[PDB]
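Read the figures in this text as sums done on the coordinates, not as results from a lab. All Cβ positions, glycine included, derive from the backbone under ideal geometry; neighbour counts span all protein chains shown.
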Amino acid sequence: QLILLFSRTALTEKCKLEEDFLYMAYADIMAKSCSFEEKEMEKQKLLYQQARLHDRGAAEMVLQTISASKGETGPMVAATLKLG
Amino acid sequence: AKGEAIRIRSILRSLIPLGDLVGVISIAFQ
Amino acid sequence: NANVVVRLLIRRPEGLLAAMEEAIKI
Amino acid sequence: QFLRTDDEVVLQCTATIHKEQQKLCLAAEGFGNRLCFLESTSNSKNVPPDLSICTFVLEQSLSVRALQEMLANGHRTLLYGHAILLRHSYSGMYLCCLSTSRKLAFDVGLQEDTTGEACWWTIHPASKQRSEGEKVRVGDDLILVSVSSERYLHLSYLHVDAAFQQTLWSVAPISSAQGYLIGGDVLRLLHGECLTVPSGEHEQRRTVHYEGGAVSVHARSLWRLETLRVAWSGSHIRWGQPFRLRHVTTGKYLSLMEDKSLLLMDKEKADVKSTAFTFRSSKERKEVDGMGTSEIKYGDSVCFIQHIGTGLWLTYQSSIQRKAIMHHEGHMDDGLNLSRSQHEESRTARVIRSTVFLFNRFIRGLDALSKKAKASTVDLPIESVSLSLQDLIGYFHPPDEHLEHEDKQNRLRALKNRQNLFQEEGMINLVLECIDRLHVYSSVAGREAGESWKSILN
């Protein structure tokens, strides 16, 4: 539901982005959660952790909130680029 | 309650309107 | 045979209140 | 070669009225008008015919059994015995048969919905050289028969009506490459800033200017390349062929009088070469029978305008009123860039002047009764107008609640575009004049026709 909340909020038009400090605390928790036996056990576990998100539309709440910020170098896009 | 047999039911009333007052009363009165 | 010649007689010619009453005088 | 579905085609019937041929096309209007008529394309060298009200799209082609089955519930190639569904290329309404009267012939006009057997027409051959089943060929002459009315698409003596008598119907393919030009589109005359025409409050806007900013975005800068070709008119557009420039917002054809002045003169004042134009590669074949070869890209374009009747180069001089006129050599500024418009921008523009021509027939038609009593003006249309407001309410219908949030914001965005392209053209001012002219009475005139005075006002 939460990833759908940021996807619906990005699809509307406001001719800029608001600051929206819920986005800057859930597109930050969502990115701080991501010798041959280990190099495939710490790899096949990472593919599971990024499957919590990209199976839940989170490859669209970072593909739209770049499209909606037209050229804004604000602190919003510098926190949904750590989710992409 | 059939298929397109109602279509011919409309052709016999729309190509020829009723106008039956010339027929039903005036012909048998002599 | 119901669905035939009425499918033909559309394309043939044969108001008609004027004809049925004026034939009494003729 | 053979027609398929998703093809653009026109219907056309021919009449020899006192040793004079007329290859006149079937054409319906839509958006306020629910009836078809004829469009003369025989005199295409002296009077321009309309194109966007006569091109059709073959949506589907089924068998008769499957059609009655569904009614009981790539691209195919059409067969002489399939039943088709034709939709209007502009209005998006399907051509069907109507239960009205204008005998036992029924009238032919568009309609909204597709269900029921009204919107279906079974093709038929009309000569011994063809028969049942085989594939349709281009340029054939054929018959169309309704499914519901069980009649022929007849031309009468000019009531076009579904009758029990036959009439031939020549068909002609029109269209079928993204970014390239296609014959008949509307587009933008980009500079590097676009070509415009003055605003409202009238000069009859007959000048031509270059302006800049969001005025190119609005509904003033729209021009339609109406190509003189009949068949394959929606081919790609190549260098060298002539095409009249039509204004879209007011319907006045660009006709250069380099002797006199730059004029957007009115409809029947378009000859062959007095209004033709072409595009040159520099600034110094003959025919393709098909959809054309890919000539002109959109962003990668520097296109040079040249008249046919003169052969000079329209270039601007030294509000923003750099009015451009024909020069013998010009400068390096005639490398015009191009960009096409969208399909709702083309939709909004056409419905403006389709109504602007109608409301003026209800302003001055009601200013005819602004005297004491003339009573000879029958040009006060009521059923032609009181229908036309119901479409413009439904055109601006706000989107419903129960819809997808990716679909509402599509519908709500296209709604706000329709409200902006009516703002600039003064439609808001144009209705308030009509509320003035009807607020003279208290419930009028001959009160048999205009008894719907309140419902028009409401």
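Tabulated values for the structure
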quantity	calculated
Computed [θ] at 222 nm, deg cm²/dmol, the protein assembly as shown (DSSP H ≥ 4; -39,500 (n - 2.57); rounded to nearest 500)	-6000 deg cm²/dmol
Order by protection proxy (mean Cβ within 10 Å, highest first), peptides D:320-332, D:350-362	D:350-362, D:320-332
FRET efficiency, 1/(1 + (r/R0)^6) with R0 30 Å, evaluated for D:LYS135 and D:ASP289 via beta carbons	0.95
Those residues of segment D:168-185 whose amide nitrogen sits under 20 Å from the label point placed on D:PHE2, 7 Å along Cα→Cβ	D:171-176
Convex hull projection area averaged over all views, segment D:55-107, Cα basis, nm²	5.9
Point-charge dipole on Cβ atoms (K/R +1, D/E -1) for chain D, about Cα centre, debye to 20	960
Cut-off 18 Å, label 7 Å out along Cα→Cβ of B:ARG13, residues of segment D:95-127 by amide N	D:99-101, D:103-106
Cβ crowding within 10 Å averaged over residues, with A:61-67, C:20-26, D:448-454 ranked highest first	A:61-67, D:448-454, C:20-26
Cβ charges +1 (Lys, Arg) and -1 (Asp, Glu), total dipole of segment D:301-373, debye	700
Among D:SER346, D:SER44, D:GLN306 - extreme Cα towards positive end, dipole of the protein assembly as shown, charges at beta-carbon	D:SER44
Peptide-level mean, for B:24-30, of C-beta atoms on other protein chains within 10 Å	1
Simple spin-label estimate for D:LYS128 and D:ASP266 in nanometres, 7 Å along Cα-Cβ	5.3
Members of D:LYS19/D:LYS273; D:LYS23/D:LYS135; A:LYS14/D:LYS408; D:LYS103/D:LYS128; D:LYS135/D:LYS286; D:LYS252/D:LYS297 lying beyond 19 Å, as alpha-carbon distances in this model show	D:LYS19/D:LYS273; D:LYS23/D:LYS135; D:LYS103/D:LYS128; D:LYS135/D:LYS286; D:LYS252/D:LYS297
Residues in segment A:1-15 reached by a label modelled at A:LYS82 [backbone nitrogen below 20 Å; 7 Å Cα→Cβ]	A:3, A:6-7
